[PDB]
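If you're matching positions, the sequence shown starts at 25 in the working numbering and goes up one per residue.
Here a beta-carbon is modelled for each residue, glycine too, at the ideal position from N, C-alpha and C.
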Amino acid sequence: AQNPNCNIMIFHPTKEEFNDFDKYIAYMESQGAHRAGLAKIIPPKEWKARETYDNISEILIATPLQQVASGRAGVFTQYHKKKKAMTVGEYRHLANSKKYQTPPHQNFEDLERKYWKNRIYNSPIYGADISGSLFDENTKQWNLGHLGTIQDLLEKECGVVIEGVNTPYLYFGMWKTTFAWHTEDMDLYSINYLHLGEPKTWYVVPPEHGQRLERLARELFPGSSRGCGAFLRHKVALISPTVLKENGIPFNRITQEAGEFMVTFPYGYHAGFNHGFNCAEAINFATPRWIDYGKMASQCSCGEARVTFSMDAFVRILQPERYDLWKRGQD
Ligand SMILES: O=C(O)CNC(=O)C(=O)O
Ligand SMILES: [Mg+2]
Ligand code: NI
Ligand SMILES: [Zn+2]
Numbered sequence: 025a026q027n028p029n030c031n032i033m034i035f036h037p038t039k040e041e042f043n044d045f046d047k048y049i050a051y052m053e054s055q056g057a058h059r060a061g062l063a064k065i066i067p068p069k070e071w072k073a074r075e076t077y078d079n080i081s082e083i084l085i086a087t088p089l090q091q092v093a094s095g096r097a098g099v100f101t102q103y104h105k106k107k108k109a110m111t112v113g114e115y116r117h118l119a120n121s122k123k124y125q126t127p128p129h130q131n132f133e134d135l136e137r138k139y140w141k142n143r144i145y146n147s148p149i150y151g152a153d154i155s156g157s158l159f160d161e162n163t164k165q166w167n168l169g170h171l172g173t174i175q176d177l178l179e180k181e182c183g184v185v186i187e188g189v190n191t192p193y194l195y196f197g198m199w200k201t202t203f204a205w206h207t208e209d210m211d212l213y214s215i216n217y218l219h220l221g222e223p224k225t226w227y228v229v230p231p232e233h234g235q236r237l238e239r240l241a242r243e244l245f246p247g248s249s250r251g252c253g254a255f256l257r258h259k260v261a262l263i264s265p266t267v268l269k270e271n272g273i274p275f276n277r278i279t280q281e282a283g284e285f286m287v288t289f290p291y292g293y294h295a296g297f298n299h300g301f302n303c304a305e306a307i308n309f310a311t312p313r314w315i316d317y318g319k320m321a322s323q324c325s326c327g328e329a330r331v332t333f334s335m336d337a338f339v340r341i342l343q344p345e346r347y348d349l350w351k352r353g354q355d
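Quick look at the structure:
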């Protein structure tokens with residue numbers, strides 16, 4: 025069995041290996057990368073996503089989200105308070121202001137300590153989930169706006185044509201902006217490219233150990249757990265590495281820098297935070313190995329999780345028994 029300790033693997037594909045996306049994901053899996061839940065891919069030196077980032081300031085962040093925390097430093101929830109629209113140039117200036125800028129620090133580890141110690145006492149503003157792409161149309165390799173669609177994968181595997189589309193999302197972050205513990209919708213893969221700016225630190229639980237995280241979360245968030253049998257689908261709960269270690273939950277951590285891809289694998293719980301102003305792009309995707317995870321994915325039906333149009337068909341075809349209840353939660 026490859027990668028039996030479930031370590032995060034880092035890959036350095038050549039330009040020739042960077043041509044065929046599906047083949048390279050399958051190669052990574054042949055080496056056990058999926059066992060960690062997360063892998064890093066450093067593009068060949070010849071590759072670029074686009075020529076420059078000098079002309080992105082006029083992108084609009086229609087609904088910036090202020091991430092307000094409740095709880096204790098290592099065990100907290102966050103809610104998103106909607107703010108007035110601002111451009112990327114306005115957001116960058118705000119991120120660099122004295123109120124919001126990254127503090128002085130020695131190294132990534134010192135910054136991580138400061139994050140966990142101090143996050144709850146501040147409310148950073150995240151430009152998340154913005155439909156669009158920063159890949160040049162002429163970039164042919166690993167262009168997240170040109171991937172094979174999940175609807176086409178389900179059709180290829182299972183023979184059923186379904187409605188829906190699959191497009192990327194941009195994330196503009198600042199110091200302390202936070203992504204809560206979650207798996208992807210329908211336990212899909214995700215791929216994330218950090219276009220520019222400061223790093224993003226990730227934490228991940230191996231898929232084979234995901235239920236350990238869920239059980240801890242039910243213990244630590246007992247009101248939430250009574251409200252919903254899949255409340256991590258709400259994407260609001262944070263648990264620190266120190267707390268995970270005290271409770272014996274297997275996990276790993278890694279920092280992504282500008283120019284690097286991360287892939288999350290089916291049912292790989294992940295969480296993390298941004299170091300300072302940055303821009304990432306991400307999209308969900310599927311492979312043949314995903315289908316069995318999609319069939320078994322938990323679902324939120326309490327009404328909180330509210331998701332895209334395209335998840336309808338995945339539930340309807342892969343989870344017909346659950347469909348009626350799940351759709352009530354959507355309506
Ligand atoms: O970058 C973020 O805020 C969150 N990203 C992801 O959860 C991902 O790419 O799967
Ligand atoms: Mg612009
Ligand atoms: Ni994710
Ligand atoms: Zn719910």
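Kindly list the residues whose CB is nearer than 6 Å to the CB of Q90, restricted to its own chain and excluding five residues on each side of it in sequence; keep chain order. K105, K107, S147 and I149
Apart from the five residues on each side of it in sequence, which residues of its chain come closer than 7 Å, Cβ to Cβ, to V267? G98 and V99
Just to check my reading of the structure: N27 and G56 have Cβ atoms closer than 8 Å, yes? What is that Cβ distance to the nearest angstrom? 3 Å
Pull the bridge partners of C303 from the DSSP assignment, please. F196 and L220
Can the beta-carbon of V260 be found less than 7 Å from the beta-carbon of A204? yes
Residue 19 - containing alpha helix (DSSP H), residue span: Limits of the chain in this structure are 25 at one end and 355 at the other, which puts residue 19 out of reach.
Report the option in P290, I307, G353 and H299 whose CA atom is closest to the CA atom of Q130. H299
Whole-angstrom Cβ separation of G151 and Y115, contact assumed at under 8 Å? 6 Å
Cα-Cα separation, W71 to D160: 12 Å
Let me check understanding here. Comparing Cα to Cα, which of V92, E238 and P290 lies closest to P312? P290
Report whether the distance from the Cβ of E238 to the nearest heavy atom of ligand 4 is below 6 Å. no
When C324, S334, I341 and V287 are compared against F35, the one with the closest alpha-carbon: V287
Proximity to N271 [Cα-Cα], best of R242, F255, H294 and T279: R242
Distance check for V112 and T201, CA to CA, integer angstroms please. 16 Å
What are the start and end residues of each continuous beta strand (DSSP E) run of 3 or more residues lying completely inside the segment 279 to 331, in chain order? 285 to 288, 293 to 298 and 302 to 309
Alpha helix (DSSP H) runs wholly inside the segment 159 to 188, at least 4 long, in chain order: 174 to 182
On the premise that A73 lies in contact with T163, defined as a C-beta separation below 8 Å, what is that separation, rounded to the nearest angstrom? 6 Å
Would you please state the rounded distance, in angstroms, between the beta carbons of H294 and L62? I believe it to be under 8 Å. 6 Å
Near ligand 2, which residues have their beta-carbon less than 6 Å from any of its heavy atoms, given in chain order? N79, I80, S81, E82 and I83
With H, G and I counted as helix, E and B as strand and the rest as coil, what does DSSP make of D211? helix
What separation, rounded to the nearest whole angstrom, lies between the Cα atoms of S325 and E345? 13 Å
Determine the closest residue to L118 out of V331, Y145, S81 and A25, with distance taken between C-alpha atoms. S81
Residues bridged to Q26 by DSSP? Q26 pairs with nothing; no bridge assigned.
Can the beta-carbon of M335 be found less than 7 Å from the beta-carbon of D209? yes
Suppose contacts are defined by Cβ-Cβ distances below 7 Å. Is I174 in contact with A310 by that definition? yes
Quick one: is the Cβ of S214 within less than 6 Å of any heavy atom of ligand 3? yes
Exposed or buried, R96, counting other C-beta atoms within 10 Å across all chains shown (16 or more means buried)? exposed
Count Cβ pairs between the segment 214 to 226 and the segment 273 to 288 that sit closer than 8 Å; are there 3 or more? yes
Assuming residue 20 contacts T76 (C-beta within less than 8 Å), just tell me the rounded distance between them. Since the first residue of the chain shown is 25 and the last is 355, residue 20 is not available in this structure.
For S157, write down the residues that DSSP places opposite it in a beta bridge. According to DSSP, which records beta bridges pairwise, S157 is partnered with nothing at all.
Are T207 and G296 touching if we call contact CB-CB under 7 Å? no
Our contact map puts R277 next to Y227 with C-beta atoms below 8 Å; I'd like the distance itself, whole angstroms only. 5 Å
Quick one: which unbroken beta strand (DSSP E) runs of 3-plus residues sit fully inside the segment 50 to 88? Chain order, please. 62 to 65
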